[PDB]
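In what follows, a structure is listed as structure tokens, so that the remarks can point back to it.
Because the Cβ atoms are built from the backbone with ideal geometry, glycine has one as well, and the counts that use them run over all protein chains shown. What follows draws every value from the coordinates through simple rules; no lab data is involved.
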Amino acid sequence: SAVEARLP
Amino acid sequence: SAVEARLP
Amino acid sequence: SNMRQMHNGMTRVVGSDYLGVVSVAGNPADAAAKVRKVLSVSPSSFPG
Amino acid sequence: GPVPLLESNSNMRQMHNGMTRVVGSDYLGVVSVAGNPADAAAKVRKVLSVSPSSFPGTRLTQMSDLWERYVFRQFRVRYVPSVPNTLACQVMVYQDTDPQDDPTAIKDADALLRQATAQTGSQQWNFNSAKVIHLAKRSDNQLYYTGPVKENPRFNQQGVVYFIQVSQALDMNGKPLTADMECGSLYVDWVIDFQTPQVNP
Amino acid sequence: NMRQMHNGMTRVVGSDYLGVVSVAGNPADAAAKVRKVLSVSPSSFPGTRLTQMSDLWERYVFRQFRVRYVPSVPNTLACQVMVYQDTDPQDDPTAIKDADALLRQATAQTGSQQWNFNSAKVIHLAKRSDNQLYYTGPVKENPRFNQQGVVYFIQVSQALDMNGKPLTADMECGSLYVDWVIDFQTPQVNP
Amino acid sequence: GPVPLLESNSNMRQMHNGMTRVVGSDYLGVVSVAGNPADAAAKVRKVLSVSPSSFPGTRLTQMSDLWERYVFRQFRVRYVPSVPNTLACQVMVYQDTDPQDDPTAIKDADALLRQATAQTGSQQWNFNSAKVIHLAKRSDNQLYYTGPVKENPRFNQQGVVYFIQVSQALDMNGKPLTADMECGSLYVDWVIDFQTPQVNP
Amino acid sequence: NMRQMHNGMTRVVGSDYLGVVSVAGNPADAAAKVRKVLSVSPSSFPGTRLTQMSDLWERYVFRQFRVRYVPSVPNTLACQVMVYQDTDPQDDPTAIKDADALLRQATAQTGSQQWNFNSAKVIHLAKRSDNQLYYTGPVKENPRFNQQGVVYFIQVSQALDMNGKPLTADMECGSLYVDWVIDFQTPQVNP
Amino acid sequence: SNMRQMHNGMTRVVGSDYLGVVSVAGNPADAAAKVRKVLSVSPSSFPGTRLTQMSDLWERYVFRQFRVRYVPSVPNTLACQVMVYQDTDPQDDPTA
Amino acid sequence: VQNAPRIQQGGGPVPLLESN
């Protein structure tokens with residue numbers, strides 16, 4: 001979930 | 001910028 | 001071959017933060033309105 | 001003594017609390033590798049639950065239904081290649097303690113590979129050779145339920161194993177491989193604790 | 001105002017009345033042979049001392065929980081019956097289509113017992129090494145956070161009279177009781 | 001041993017003698033103060049029984065019905081103000097070990113206030129601030145019955161708490177207050193011993 | 001790839017349901033008086049926990065194996081019955097032409113027992129000094145490599161009613177159960 | 001009054017990560033195609049790593065070390081010859 | 001100074017043939 005946020 | 005990401 | 005080496009030890013972190021502002025009201029309306037502020041008690045629930 | 005005599009005609013079956021170690025190993029399955037991955041979600045190749053009950057026809061699943069709760073003391077995945085050294089491809093595997101993550105939601109391959117490289121115990125290697133892979137320990141030592149998932153996965157599985165393709169399957173002459181290859185096979189070397197005996201639906 | 005914290009466990013002992021049990025003379029529906037089902041949890045009964053005790057703490061663990069059967073039938077009547085305490089709330093026996101698999105499953109559980117309903121019996125729970133604590137009160141999501149298990153009363157035989165013949169109608173045949181011991185933690189009142 | 005076998009099919013529930021400490025705290029109620037007391041009997045403001053059973057809807061009363069006898073090991077009343085410091089009034093509280101006295105019979109205020117000041121553990125203070133108040137011990141250690149009064153109060157209550165107004169409720173500008181004020185609220189911090197379990201009507 | 005060898009014995013405890021037992025009122029065929037016969041072996045039953053356990057090792061030995069009889073008949077009825085556990089699978093009682101020799105042979109065995117089928121009983125196996133191990137699974141040649149023995153349920157008396165008279169037809173009269181303890185050796189799966 | 005107390009000391013962190021996969025091609029097309037992979041060299045530019053999450057907790061950084069280490073995927077029955085380098089001028093762009 | 005777990009490389013060469 002932390003990673004999805006940084007990827008548009 | 002880190003904070004804007006966690007707020008929808 | 002490349003391997004991320006393993007750990008099992010727990011790690012402490014001491015610190016302090018800031019939860020937020022809270023209000024009141026002059027009229028005891030509803031009576032379900034007596035509850036006034038609610039916060040979950042977890043890491044990763046306090047943005048900022 | 002009095003006890004055999006009192007035993008002689010009263011219907012008292014005994015209670016049986018207590019642990020029980022069992023040791024074994026099992027054949028999980030075959031694994032494929034595509035020549036031209038592009039779906040990004042397709043980079044993941046073989047997900048597995050880390051529960052005794054999830055691998056039908058093996059000794060584990062047979063034994064697993066006969067108790068109630070379990071804890072692995074070691075769960076050691078092992079990989080055996082079935083490919084000529086001339087062929088080329090690169091592969092990694094990692095076990096994850098939390099059943100509810102599901103990497104596949106990510107739209108970009110790099111983030112998948114980086115999440116895989118993170119977390120302890122991860123492994124990457126050429127798909128031509130054997131490797132062995134471990135679980136991480138949990139200090140609390142909770143018991144887990146046996147059997148098929150019901151509502152929430154966290155009561156069951158200790159974790160999830162991911163088999164992830166990297167690069168591309170590749171041929172002699174270096175042309176990307178058409179169709180699919182059988183590559184290798186997965187194995188397990190396990191030790192388990194069971195608690196209270198039963199049979200379940 | 002030194003309002004004080006407390007973190008100790010509180011031992012408590014008691015016993016309560018779980019109710020009536022009955023038996024049909026010729027079960028045939030296979031799922032009719034299962035006869036009675038009860039939750040193993042505080043705050044799952046009407047009017048008992050235990051449910052009232054239940055609301056006043058966060059968590060609990062039974063240290064023993066022995067069900068006790070008291071017959072209410074003349075010796076001339078007879079039938080065989082079984083009782084067991086599954087420790088997994090979600091297993092649900094009724095799904096089985098066959099009487100036989102039902103009896104086998106019910107027998108396989110530890111501490112399960114079999115007897116004529118002419119006479120008294122006593123039956124225990126299994127223990128657990130986690131020392132896991134359970135939340136008090138009604139299910140909200142998942143039984144598994146609440147109940148330590150479920151109790152099943154299950155018929156086996158028909159229901160012969162004197163001269164070895166089945167009786168026309170189902171009837172009351174004694175009642176259940178429960179001795180118990182519990183640990184509680186942090187005091188409160190459930191909403 | 002013999003004992004599980006003898007246990008197996010005899011209807012013997014065990015006897016259970018013995019004490020049981022329990023700890024807790026509860027919200028008793030709100031308290032008012034009139035601007036112009038004059039009835040002398042009106043100076044008394046809030047009587048309370050000191051029994052577990054007398055405060056409906058609290059944890060105490062719920063728990064209290066489940067046994068037979070009780071003894072407080074401490075019963076510590078606490079007071080929380082809800083008034084601006086600008087307002088003025090003066091207040092005292094005292095606990096009395098004997099349930100059958102009833103101060104109110106006296107026709108003169110001074111005697112009430114003096115009886116209140118007498119007896120150990122009494123407290124007087126400005127109604128603007130918090131205070132804490134204790135019981136006196138009794139050397140014999142008798143048990144007391146639970147539940148609602150039946151004939152004689154002395155079998156039940158360990159005592160009675162009196163909340164007594166002094167002076168007059170008073171406003172900014174110093175005019176005596178009209179009507180009534182909510183002032184504050186009463187609390188309890190208790191420890192108890194219970195004896196033999198039951199349920200009572 | 002250090003695939004590891006293991007040679008230890010694994011203790012296991014359990015219990016299972018062996019099924020129904022019935023009785024004719026006036027046996028006369030002499031070979032009809034023998035009533036029920038069961039193999040003493042893992043992997044000889046349908047659907048029990050034990051048969052499923054059985055296939056996963058090479059060899060086994062019971063440490064105790066007590067058969068337990070639970071009555072399902074009213075006290076007004078009565079008959080005498082016998083049960084015994086022969087440790088030699090090939091002895092085969094049925095060959096005898098006489099009821100009497102049958103009862104005598106059945107009585108001579110250690111641990112054999114006699115009772116009214118009104119009430120419960122418990123019965124044990126004999127032990128052996130060889131500490132010999134037995135192969136798991138179905139007979140291929142000779143029972144003697146597999147079974148530790150055979151269990152026989154045998155009627156003795158007629159079957160009187162109240163007023164001391166025989167009943168017209170055979171009927172169910174309770175059921176069998178087995179508490180057990182086992183050692184296994186080398187893990188596998190039978191073909 | 002409440003004050004976050006001040007610090008000025010620098011803090012080291014040793015660790016290692018994973019940059020990514022890289023390819024080649026048989027046809028020297030374009031000749032601007034010779035450039036094949038490009039990576040910025042900063043904390044907070046590598047999603048999926050612990051360090052990029054760590055990086056937002058401070059205002060400033062300095063690498064004291066940054067060893068890239070190439071790992072072969074291919075048998076010796078093939079060849080390409082390749083070079084790698086680390087330009088220190090982020091504005092510079094070879095592609096032009 | 002605060003260390004973090006490291007990757008630790010391994011493996012080795014593979015011969016065209018194993019004589020026996």
Could you list, in sequence order, the residues of region F:39-95 that are among the aromatic types (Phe, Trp, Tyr) and part of a strand (DSSP E or B)? F:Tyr70, F:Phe72, F:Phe75, F:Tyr79, F:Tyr94
Where G:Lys121 falls short, out of the listed (1) under 15 Å from the mean Cα position of the chain (by Cα); (2) basic (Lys, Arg); (3) farther than 30 Å from E:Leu167 by Cβ: (3)
Out of the residues in region F:54-66 meeting the condition of being buried (at least 20 other Cβ atoms within 10 Å of the Cβ) and closer than 18 Å to F:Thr196 by Cβ, tell me which one is nearest to the chain's Cα centre (by Cα). F:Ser64
Among the residues of region F:156-201, count how many are within 21 Å of F:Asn17 (Cα to Cα) and surrounded by fewer than 16 Cβ atoms within 10 Å (Cβ to Cβ). 5
Given (1) among the small types (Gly, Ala, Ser); (2) within 20 Å of the chain's Cα centre (by Cα); (3) surrounded by 10 or more Cβ atoms within 10 Å (Cβ to Cβ), identify the lone condition not met by H:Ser40. (3)
Could you tell me whether G:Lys140 is surrounded by 13 or more Cβ atoms within 10 Å (Cβ to Cβ), basic (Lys, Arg) and over 13 Å from G:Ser39 (Cα atoms)? no
Name every residue in region G:83-140 that is among the hydroxyl-bearing types (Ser, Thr, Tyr), touching a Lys or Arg at 6+ places or on another chain (Cβ under 9 Å) and over 30 Å from D:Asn11 (Cα atoms), in order of residue number. G:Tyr135
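One line per residue, one yes/no per condition, for (1) of a type outside the set (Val, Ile, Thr); (2) surrounded by 18 or more Cβ atoms within 10 Å (Cβ to Cβ); (3) out of contact with any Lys or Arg (no Cβ under 9 Å at 6 or more places or on another chain):
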| site | (1), (2), (3) |
| --- | --- |
| F:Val91 | no, yes, no |
| F:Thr97 | no, no, no |
| F:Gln100 | yes, no, no |
| F:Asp110 | yes, no, yes |
| F:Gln119 | yes, no, yes |
| F:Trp125 | yes, no, no |
| F:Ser129 | yes, no, yes |
| F:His134 | yes, no, no |
| F:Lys137 | yes, no, yes |
Across region D:97-137, what is the number of residues that are under 20 Å from H:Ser16 (Cα atoms), in a loop (DSSP other than H, G, I, E, B) and more than 9 Å from chain H (Cβ to nearest Cβ)? 5
Selection count where residues are aliphatic (A, V, I, L, M) and either within 11 Å of another protein chain (Cβ to nearest Cβ) or in a strand (DSSP E or B) (or both), scope region G:6-15: 2
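Here's a check for you: in region D:155-175, which residue that is within 15 Å of the chain's Cα centre (by Cα) and closer than 30 Å to I:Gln8 by Cβ is nearest to the other protein chains (Cβ to nearest Cβ)?
Within region D:155-175, the first condition is being within 15 Å of the chain's Cα centre (by Cα), and the residues that meet it are D:156-164.
Still in the running and closer than 30 Å to I:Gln8 by Cβ: D:157-164.
Details: D:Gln157: 14, D:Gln158: 14, D:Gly159: 14, D:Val160: 16, D:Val161: 15, D:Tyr162: 14, D:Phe163: 16, D:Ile164: 12 Å.
For region D:155-175, the residue satisfying everything is D:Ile164.
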Can you name the residue in region E:23-49 that is more than 14 Å from the chain's Cα centre (by Cα) and closer than 24 Å to E:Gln90 by Cα and is also surrounded by the most Cβ atoms within 10 Å (Cβ to Cβ) among such residues? E:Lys33
Per-region count, region F:96-123, residues of a type in the set (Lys, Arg) and closer than 30 Å to F:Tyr145 by Cβ: 0
Among the residues of region C:18-33, is any within 10 Å of another protein chain (Cβ to nearest Cβ), over 30 Å from D:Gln95 (Cα atoms) and assigned to a loop (DSSP other than H, G, I, E, B)? yes
Tell me, please, whether a residue that is surrounded by 11 or more Cβ atoms within 10 Å (Cβ to Cβ) and not in a loop (DSSP other than H, G, I, E, B) can be found in region H:75-86. no
Per the list (1) surrounded by fewer than 16 Cβ atoms within 10 Å (Cβ to Cβ); (2) under 21 Å from E:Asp179 (Cβ atoms), residue check on E:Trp57 breaks on (1)
Condition first: over 28 Å from A:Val3 (Cβ atoms) and within 7 Å of another protein chain (Cβ to nearest Cβ). Now tell me which residues in region D:138-154 satisfy that. D:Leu143, D:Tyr145, D:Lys150
Can you name every residue in region E:39-74 that is under 21 Å from E:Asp183 (Cα atoms) and of a type in the set (A, V, I, L, M)? E:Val40, E:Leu50, E:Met53, E:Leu56, E:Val61, E:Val67
Out of F:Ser25, F:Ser10, F:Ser32, report the one residue that is within 14 Å of chain D (Cβ to nearest Cβ) and not in a helix (DSSP H, G or I). F:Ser10
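Conditions tested, residue by residue: (1) among the acidic types (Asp, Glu); (2) within 30 Å of G:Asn118 (Cβ to Cβ); (3) touching a residue at least 40 places away in the same chain (Cβ under 8 Å).
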{"residue": "E:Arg3", "(1), (2), (3)": "no, no, no"}
{"residue": "E:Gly47", "(1), (2), (3)": "no, no, no"}
{"residue": "E:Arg63", "(1), (2), (3)": "no, no, yes"}
{"residue": "E:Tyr69", "(1), (2), (3)": "no, yes, yes"}
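Here are F:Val33, F:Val44: which of them is in contact with an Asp or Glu (Cβ under 9 Å, 6 or more places away or on another chain), surrounded by 14 or more Cβ atoms within 10 Å (Cβ to Cβ) and not hydroxyl-bearing (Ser, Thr, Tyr)? Reasoning before the result, please.
Numbers: F:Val44 fails: in contact with an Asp or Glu (Cβ under 9 Å, 6 or more places away or on another chain).
None of the other options fit; the residue is F:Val33.
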Per the filter on region D:91-142, residues touching a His at 6+ places or on another chain (Cβ under 9 Å) and at positive phi are D:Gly121
